[PDB]
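# Structural overview for review
The chain contents come next:
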2 protein chains.
Amino acid sequence: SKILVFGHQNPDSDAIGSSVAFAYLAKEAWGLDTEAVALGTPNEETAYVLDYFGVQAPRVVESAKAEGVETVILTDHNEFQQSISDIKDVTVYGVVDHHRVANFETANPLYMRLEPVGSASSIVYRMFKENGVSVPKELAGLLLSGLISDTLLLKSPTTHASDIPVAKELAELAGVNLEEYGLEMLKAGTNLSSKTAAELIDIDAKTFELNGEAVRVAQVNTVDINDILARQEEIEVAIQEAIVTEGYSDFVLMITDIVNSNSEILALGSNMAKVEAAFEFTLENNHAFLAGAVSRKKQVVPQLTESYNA
Amino acid sequence: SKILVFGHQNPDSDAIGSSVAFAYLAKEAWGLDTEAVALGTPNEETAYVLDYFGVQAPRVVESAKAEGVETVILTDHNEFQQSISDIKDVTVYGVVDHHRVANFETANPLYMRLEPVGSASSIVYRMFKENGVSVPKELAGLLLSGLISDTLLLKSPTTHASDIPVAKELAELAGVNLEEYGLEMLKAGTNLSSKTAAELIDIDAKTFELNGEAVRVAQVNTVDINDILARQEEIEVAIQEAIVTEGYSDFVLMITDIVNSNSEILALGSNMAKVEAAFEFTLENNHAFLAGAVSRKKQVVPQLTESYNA
Ligand SMILES: N[C@@H](Cc1c[nH]c2ccccc12)C(=O)O
Ligand SMILES: N[C@@H](Cc1c[nH]c2ccccc12)C(=O)O
Ligand SMILES: [Mg+2]
Ligand SMILES: [Mg+2]
Ligand SMILES: [Mn+2]
Ligand SMILES: [Mn+2]
Ligand SMILES: [Mn+2]
Ligand SMILES: [Mn+2]
């Protein structure tokens, strides 16, 4: 009785790693019929991880029905609007995630395992351990990347103390130096020249349903804010097209400096006041600086989730 | 930083056991400041368990604000309408449960641990084991009861294979014979003479939000269906009062024979067709027989959840 295992739309290092990693555990521990698949082309960062360990990027799926499957397992997400296209007409078997919970419901009791930690991979790893399954080296690689990717080499305000031992142990199992491998994959994600302003606002974006509204929050990684601020024009022309065509209410863009841990916010839409409220700032020409922010999940989502209700 | 730990409204053996059991683990494993409390007077069954092991029933709480607490941990439930009165203005720290998920959302990532097993207590026990904490005898007692109560001495279609070892091991730790203690507590819950038809429809009931509707599903334990069917009149007079006063759309009552594993369904409301659909049966005089049903969570909820949508 076949089961797909996947990450969210616009899939990322953590999203792919955790998902793939686990389809393996499930088979070996409980002899389930799990096949890890994904909902998109890997990003430039994941590409590098995938090629660095010589794993093939997981095939891209359309809908469960297309695969003739009714039962799934979600990793790194749970919000129905972020999931596979036909998530309403399937059974969720199990969820392994590290996000807040919204727009998620079921008919029957499932397995869930959510912990608030720096990645969804740190959990899958910990779970490999509870069931005495040895991690192949190459999954130790993916999993690790997942954790580096998500935490920005263990310095995001999402890094939990539980992550640190997890780091040592994985790096070792992968045969890389942590400090040394970390920078060189993180670099691979800051190359934004291969991307047109259309694709750019959509390397890493998610839809949120705040209080009636569809708000779409996107993030990019860079070493220099003004590179993207020099592309402001097209970037905005692209953003507008998205809001019209998709029926978003607003769009929010985090231009994160991973070297200094800051972001610039670029936002347009009908609810600008709701945005400024969430950030105690002023959009000068559609944007503003936000000092020390790198986490969408801890420094963006909760705040919007509040000022859109208030 | 104080944290309440509790079961659902109309609290039961599993609801109290699991909740109490865990407030202990949390303290001893992670030194949290958890105090187990509950939202009602124990039922006649739990009473017997509580007195059999000499534990005091947990104080009854009004609202978190009344206790000056903002952070909670839910066991044996998750549906906001089944929880403490002010669950919207608190932070959910963690959830340990074995039900489907609905009407549940958060602002931040939490701990969840849901598994589909015969009780929420079988999970707390298993969890005591992952963290090398010895269970006091008397918590081994509560936990066990929780699992017996919920499964009807391991014969409900909710008993998982994972429950059986859990049973042996707990019974032993409690110093009771499983077969022998099981019947004598289960008996304690079938005494429905101490209850007026008002209280009767509300020993064990939960509200469900199916597709706009408020449907309220109640269950009783008996050794003889016709005892309750002989009380039909008042029982119905009481039911009506509930539907008017609360603004339910319909009421459903499972008259479960725990000796033979059957239930009689007694239902009134605006959506009778939606009910009959879910059960392939005909209400003769507001009721009908349903052969082999004992589980609200596996044989009632999913079916309504479907015919109310269909
Ligand atoms: N078959 C697995 C199911 C499971 C356990 N934990 C999970 C977490 C997520 C998804 C599925 C699971 C088991 O017996 O343990
Ligand atoms: N403080 C606990 C938190 C926790 C783990 N599992 C949980 C399940 C439910 C609620 C809380 C928890 C820990 O460090 O592990
Ligand atoms: Mg991310
Ligand atoms: Mg029950
Ligand atoms: Mn992710
Ligand atoms: Mn992640
Ligand atoms: Mn319960
Ligand atoms: Mn229960």
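## A look at the pairing of strand β6 (residues 205–210) of chain A
All names here are of chain A. Burial analysis of β6 places five of its six residues in the buried class, the great majority of the element. Two elements, β6 and strand β7 (residues 213–222), share six bridges in a ladder whose sense is antiparallel. If you follow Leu210 over to β7, its bridge partner there is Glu213. Joining the antiparallel neighbours β6 and β7 is a turn of two residues, in which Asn211 adopts a positive phi near 50°.

## Considerations on the sheet that holds strand β1 (residues 3–6) of chain A
Read across the sheet, ten strands follow the order β2(A)-β1(A)-β3(A)-β4(A)-β5(A)-β5(B)-β4(B)-β3(B)-β1(B)-β2(B) without closing on themselves; strand pairing throughout is mixed. Lying at the two open borders of the sheet, with one neighbouring strand each, are β2 (34–36) of chain A together with β2 (34–36) of chain B. Taken over all neighbouring pairs, the strand axes of this sheet differ in orientation by 20° on average, direction set aside. When strand β3 (residues 71–75) of chain B meets strand β4 (residues 91–97) of chain B, the two strands line up parallel, connected through five bridges.

## Quick notes on the coordination of the manganese ion (ligand 7)
Residues and elements named next belong to chain B. Coordination sphere of the manganese ion (ligand 7), protein contribution only: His8 (NE2), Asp12 (OD) and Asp76 (OD), at 1.8 to 2.5 Å. Ordering the donors of the manganese ion (ligand 7) by residue number gives the pattern H-x3-D-x63-D. Between the manganese ion (ligand 7) and the magnesium ion (ligand 4), a separation of 5.0 Å is found. Taken together, the residues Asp12 in the loop between β1 (3–6) and α1 (13–30) and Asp76 in the loop between β3 and β4 connect sequence positions 64 residues apart. As far as the burial class goes, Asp12 and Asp76 line up, both buried.

## A look at the site of ligand 1
All names here are of chain A. Taken together, the residues surrounding ligand 1 are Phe22, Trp30, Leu32, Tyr93, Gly94, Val96 and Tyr111. A distance of 3.4 Å is found between an oxygen atom of ligand 1 and a side-chain nitrogen or oxygen belonging to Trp30. Compared with its free state, where it exposes 360 Å², ligand 1 has 81% of that area covered by protein. Among the secondary structure elements, those contributing two or more residues to the shell around ligand 1 are α1 (13–30) and β4 (91–97). Split into classes, the residues belonging to the shell around ligand 1 amount to six nonpolar, one polar and no charged.

## Focus on the domain arrangement of chain A
Residues and elements named next belong to chain A. Considered domain by domain, chain A is made up of domain 1 (1–190) and domain 2 (191–310). For domain 1 and domain 2, the distance between their C-alpha centroids amounts to 25 Å. Counting residues at the interface gives 23 residues for domain 1 and 26 residues for domain 2. Summing both partners gives a buried area of about 2,000 Å² for domain 1 against domain 2, and 49% of it is carried by carbon and sulfur. Summed over the shared surface of domain 1 and domain 2, the number is zero salt bridges.

## Some remarks on the coordination of the manganese ion (ligand 5)
Those donors, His8(A) (NE2), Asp12(A) (OD) and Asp76(A) (OD), are the protein atoms that reach the manganese ion (ligand 5), and they lie 1.8 to 2.5 Å from it. Linear spacing of the donor residues for the manganese ion (ligand 5) on their chain is H-x3-D-x63-D.

## A few points about the interface of chain A and chain B
Between chain A and chain B, the residue contacts involve 22 residues of the former and 22 residues of the latter. Where chain A abuts chain B, roughly 2,100 Å² becomes buried across the two surfaces, and 60% of that area is made up of carbon and sulfur atoms. Considering only the side of chain A, the residues that lose the most area to chain B are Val101(A), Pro109(A) and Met112(A), jointly responsible for 25% of the buried surface there. Remark: the boundary between chain A and chain B carries four residue pairs in polar contact.

Rules used throughout
Here the residue numbering is sequential from 1 along each chain as its sequence is written and may not follow the entry numbering; residues with no coordinates are omitted from view. Chain A is the first chain written and ligand 1 is the first ligand written, with later ones labelled in order. Note that the side-chain values use all heavy atoms of the structure and ignore hydrogens as well as water. Each residue is assigned to one of three classes by its accessible area relative to the maximum for its type, calculated with a 1.4 Å probe on protein chains only: buried under 20%, partly exposed between the two thresholds, exposed over 50%. Strands are runs of DSSP state E lasting at least 2 residues, helices are runs of H or I lasting at least 4, and numbering of each runs from the N terminus. Pairing between two strands requires that DSSP report at least two bridges joining them. Axis definition: a line fitted to C-alpha atoms, limited for helices to the stretch in contact. Angles are taken between N-to-C directions and run from 0 to 180 degrees. The rule for donors is simple: N, O or S, within 2.8 Å of the metal, or within 3.2 Å if the metal is Na, K or Ca. Water isn't counted, so a site may look like it is missing partners. Nearness here has a simple test: a residue counts as near a molecule or strand if at least one of its heavy atoms is within 4 Å of that partner. Pairs of N or O atoms are called polar contacts if they sit within 3.5 Å, as long as, within protein, a hydrogen donor faces a hydrogen acceptor (for residues adjacent in sequence, only side-chain-to-side-chain pairs). Per-residue and other accessible areas were derived by the Shrake-Rupley procedure at a 1.4 Å probe size, with only the shown protein chains allowed to occlude residues. Throughout, the ten residues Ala, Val, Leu, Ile, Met, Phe, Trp, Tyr, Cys and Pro are labelled nonpolar, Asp, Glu, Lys and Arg are labelled charged, and all others, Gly among them, are labelled polar. The domain limits used here are those given by an automatic or database domain assignment. Note on definitions: a residue-residue contact is assigned when non-hydrogen atoms from the two residues lie within 4.5 Å. Note: buried area is the sum, over both parts, of the accessible area (probe 1.4 Å) each one loses when the two are combined. Each salt bridge in this description consists of a side-chain nitrogen of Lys or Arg and a carboxyl oxygen of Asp or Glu lying within 4 Å of one another.

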